[PDB]
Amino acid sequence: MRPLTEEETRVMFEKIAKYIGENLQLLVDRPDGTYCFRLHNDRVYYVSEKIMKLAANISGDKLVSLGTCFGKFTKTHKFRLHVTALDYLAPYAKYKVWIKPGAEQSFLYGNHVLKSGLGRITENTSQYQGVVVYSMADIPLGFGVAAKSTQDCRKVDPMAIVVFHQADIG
């Protein structure tokens, strides 16, 4: 465990902002205390500061399980988001896509969503905007990238790609 570098923080902040804009502060400023990010084996962990204030008291290994991994830094120093972050980011992601049964199955196996499977998408979603993919029952399935804008999604043919697969649960 250890604080992130100023340069690492920016990268992660920039990546997370692609899905929740400037709402990360919502995850850091929790009504039950401040939360922070500690690096460990190149993976970023979301954990409360109270728990961090108890290092040297815990074997660290136990400390890693007390936090939630959000993703990790690649060798090309980029931040790869992990689906374990989904439950924390989803409630704060402005741009969402709701997909049908067929698309859901294909998404859970790692594929992209096709027009025929698009049930609904948040208004004014730009092309390449980072989105959170939900099932028709409104449950989080993963992170995606809009292939076309919400406007262009209507005009496209059923076999066209409307959401690229980033990460999925399951």
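In this text, residue numbers run from 1 along the sequence as written.
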Notebook entry, point to check: Is the mean CA B factor in the deposited entry higher across 132-140 or across 64-72?
Noted result: 64-72
Checklist line | Residue range whose averaged C-alpha B-factor is higher in the record, 106-114 or 120-128 | finding: 120-128
Next item on the list: Quick one: which of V28, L54, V145, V44 shows the highest Cα temperature factor in the PDB entry?
Entry: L54
Check: Where does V163 sit by CA temperature factor within its chain: lowest, middle or highest third?
Finding: lowest
Note to self: When the deposited Cα B-factors of this chain's modelled residues are ordered and cut into thirds, is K94 in the lowest, the middle or the highest one?
What the structure shows: middle
Note to self: Among the modelled residues of this chain, does the Cα B factor of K78 put it in the lowest, middle or highest third?
What the structure shows: highest
Notebook entry, point to check: Should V11 be placed in the lowest, middle or highest third of its chain by the C-alpha B factor in the entry?
Noted result: middle
